Amino acid sequence: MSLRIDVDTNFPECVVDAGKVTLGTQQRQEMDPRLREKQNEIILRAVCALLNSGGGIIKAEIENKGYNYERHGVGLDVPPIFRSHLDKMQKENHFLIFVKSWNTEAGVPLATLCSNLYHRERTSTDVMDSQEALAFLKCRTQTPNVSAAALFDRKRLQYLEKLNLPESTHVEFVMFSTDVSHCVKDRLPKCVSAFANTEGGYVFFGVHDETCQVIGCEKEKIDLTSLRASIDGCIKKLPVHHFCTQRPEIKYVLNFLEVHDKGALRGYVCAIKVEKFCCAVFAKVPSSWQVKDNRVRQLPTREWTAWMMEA
Ligand SMILES: [Zn+2]
């Protein structure tokens, strides 16, 4: 995903080139917020790169003139368990990070920025850190709420109507952004992944959470004929890895619950039912990186899972 970061393994240890970078605590906090993000990523991708390729050095070229190391801070957001591998240090208008081989620290065979393996415990959808996901992958490697489902095939609803049904491990209420497609096209896969991986459930799009109130969306800023297409294109795009023989699809069900107010046919709630799943469903492809042939290249989902199970 994203940008190409160039590395060259000449001589001994390989050297990832992070290029231009602003540094320090304070002056990375007065950066372009959409570039304190852009830079901090190339670092974390290259740190993870070498974590999974025996070790290396990241060469960075300092932007902010007159950086002083012991006096400006490092100002980089780095995963915690990564830091037990991180010797940082300066040299004129240039900065070096030495990455020691990951060497299966935590019993997890590799360094992963983000698993994209979600699961919804109690009232809350989190991703699993590579600790969590290693166990769930070990635990799915073996083969073999009623009110909620009444609401799922209602046919009318009332604006601001506060439903009886709290968010739980089977019920999640999420609210429409201004764009309906580019909200649901993004918020969905996390949900689908969560529910598939954790006992299945219902995502109610266009319902306030903290109050379980119906809301909806203007009956005109959405188009039910295409939103089912784009919804079905999104779910069949989800990366899944199978342990079993059977090998299904993700079984799911989409209903459009009309909102009303003053008998007036205004609005919409988007409901998706995701049935428990056989193996594992990723929201996108595990963010996880190696140094393969003079670029940092992302690990594909079949390899990332295999790589985690060498344990
Ligand atoms: Zn399966």
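Residues numbered from 1 in each chain as written, not as in the entry; some residues may be left out. Heavy atoms only, no water.

In the PDB header, X-ray crystallography is given as the technique by which the entry was determined, and 3.432 Å as its resolution.

The protein chain is annotated in the PDB entry as Schlafen family member 5 from Homo sapiens. The title line of the PDB record says "DNA/RNA binding protein".

Engineer: Looking at this structure, I do not really get the sheet that holds strand 12 (residues 252–260). What am I missing?
Structural biologist: The strands making up a sheet associate through hydrogen bonds between their backbones, and the pairing can be parallel or antiparallel. Spatial ordering of the open sheet is given by 8-12-13-10-9, a layout of 5 strands whose pairing is mixed. Bordering the open sheet on either side are strand 8 (156–158) and strand 9 (171–174), each of which pairs with just one other strand. Shown here is a sheet whose adjacent strand axes are inclined to one another by a mean of 25°, direction ignored. Of the pairings in the sheet, the one linking strand 9 to strand 10 (residues 201–205) comprises 4 bridges and is parallel in character. Across the sheet, residue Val171 finds its bridge partner in strand 10, namely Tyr202. Where helix 7 (residues 181–197) meets the sheet, it contacts strand 9, strand 10 and strand 13 (269–274), and its direction lies at approximately 165° from that of strand 10. Helix 8 (residues 224–236) contacts strand 12 and strand 13 of the sheet and is inclined by roughly 150° relative to strand 12. (Pairing = 2+ DSSP bridges. Helix = DSSP H or I, 4+ residues; strand = E, 2+ residues; numbered from the N terminus. Axes fitted to C-alpha atoms, helices over the stretch in contact; angles between N-to-C directions. Contact = heavy atoms within 4.5 Å.)

Engineer: Could you clarify how one ought to interpret the packing of aromatic side chains in this entry?
Structural biologist: How two aromatic rings sit relative to each other is given by the distance of their centres and the angle of their planes. This structure, assessed with the given rule, holds 10 aromatic pairs. For the ring pair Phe282 and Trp304, a centre distance of 5.8 Å and an interplane angle of 85° mean the geometry is edge-to-face. Highlighted residues: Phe282 in the loop between strand 14 (280–281) and strand 15 (289–292) and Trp304 in helix 9 (residues 301–309), separated in sequence by 22 residues. Of the residues examined, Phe282 reaches a relative accessible area of 0% and is grouped as buried. Since its relative accessible area comes to 0%, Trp304 is described here as buried. (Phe/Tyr/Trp six-rings, centres within 6.5 Å; stacked < 30°, edge-to-face > 60°. Buried < 20%, exposed > 50% of the residue type's maximum accessible area, 1.4 Å probe, protein only.)

Engineer: Any chance you could explain the nonpolar core here in plain terms?
Structural biologist: For soluble globular proteins, nonpolar side chains are generally found buried alongside one another. Within the largest apolar cluster, 30 residues are counted, with the highest numbers of intra-cluster contacts made by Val16, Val47, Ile58 and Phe82. For this core, the secondary-structure elements that each account for two or more residues are strand 2 (14–21), helix 2 (33–51), strand 3 (55–62) and strand 5 (95–100). Considering every element that reaches this core, the biggest residue donor is helix 2, with 9 residues. Ignoring any residue separated from it by four or fewer positions in sequence, one finds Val47 in contact with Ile58, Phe82, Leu86 and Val99. The next biggest cluster of nonpolar side chains, apart from the first, holds 27 residues, and it includes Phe176, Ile222, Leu227 and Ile250. (Core = buried A, V, L, I, M, F, W, Y, C linked by side-chain atoms within 4.5 Å.)

Engineer: What is the right way to read the environment of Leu44 from this model?
Structural biologist: Along the polypeptide, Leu44 turns up in helix 2. The class of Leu44 is buried, set by a relative accessible area of 11%. In sequence terms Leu44 and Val78 are 34 residues apart; their C-alpha atoms lie 6.9 Å from each other. Ignoring sequence-local partners within four residues, the contact set of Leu44 consists of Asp77, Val78, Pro79, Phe82 and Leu113.

Engineer: Would you explain helix 8 in this entry?
Structural biologist: The α-helix advances 3.6 residues per turn, and as a result positions three or four apart in sequence lie on the same side. Taking 1.5 Å of rise per residue, the 13 residues of helix 8 would be expected to cover 18 Å, and the 18 Å separating its terminal C-alpha atoms lies within 8% of that figure. Every buried residue of helix 8 is accounted for by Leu227, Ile231, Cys234 and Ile235. Taken down its axis, helix 8 places every buried residue within 90° of arc, on the same side. Structural note: helix 8 exposes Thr225 and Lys236 on the side pointing more than 90 degrees away from its buried face. (Expected span 1.5 Å × (residues − 1). Arc of directions from axis to C-beta.)

Engineer: Would you explain the sheet that holds strand 4 (residues 86–90) in this entry?
Structural biologist: Spatial strand order, 1-2-3-5-4: 5 strands in an open sheet with mixed pairing. The open sheet has two edge strands with one neighbour each: strand 1 (7–8) and strand 4. Here strand 2 runs beside strand 3; their pairing, made up of 7 bridges, is parallel. Bridge pairing links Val16 to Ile58 in strand 3. Packing of helix 2 onto the sheet brings it into contact with strand 2, strand 3, strand 4 and strand 5, and relative to strand 3 it is tilted by some 160°.

Engineer: Honestly, the domain arrangement of the protein chain in this entry has me stumped. Any pointers?
Structural biologist: A common measure of how large an interface is: the accessible area buried when the components associate. For the protein chain, the assigned domains read domain 1 (7–111 + 292–299) and domain 2 (118–281). Centre-to-centre separation of domain 1 and domain 2, based on C-alpha positions: 37 Å. (Domains from an automatic or database assignment.)

Engineer: Mind showing me how you'd approach the coordination of the zinc ion here?
Structural biologist: Octahedral metal centres with six donors ideally show angles of 90 or 180 degrees, and tetrahedral centres with four donors ideally show 109.5 degrees. Around the zinc ion, the donor atoms from the protein are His242 (ND1), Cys244 (SG), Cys278 (SG) and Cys279 (SG), and they sit 1.8 to 2.6 Å away. With 4 donor atoms in place around the zinc ion and angles of 95 to 122° between them, the coordination shape is tetrahedral. Taken in sequence order, the residues that donate to the zinc ion follow the motif H-x1-C-x33-C-C. Of the two residues, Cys244 sits in the loop between strand 11 (240–241) and strand 12 while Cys279 sits in the loop between strand 13 and strand 14, which places them 35 residues apart along the sequence. Look at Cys279 and you get buried, because its relative accessible area is 2%. (Donors = N, O, S within 2.8 Å, 3.2 Å for Na, K, Ca; no water. Tetrahedral: all angles 85-135°; square planar, octahedral: opposite > 155°, others 65-115°.)

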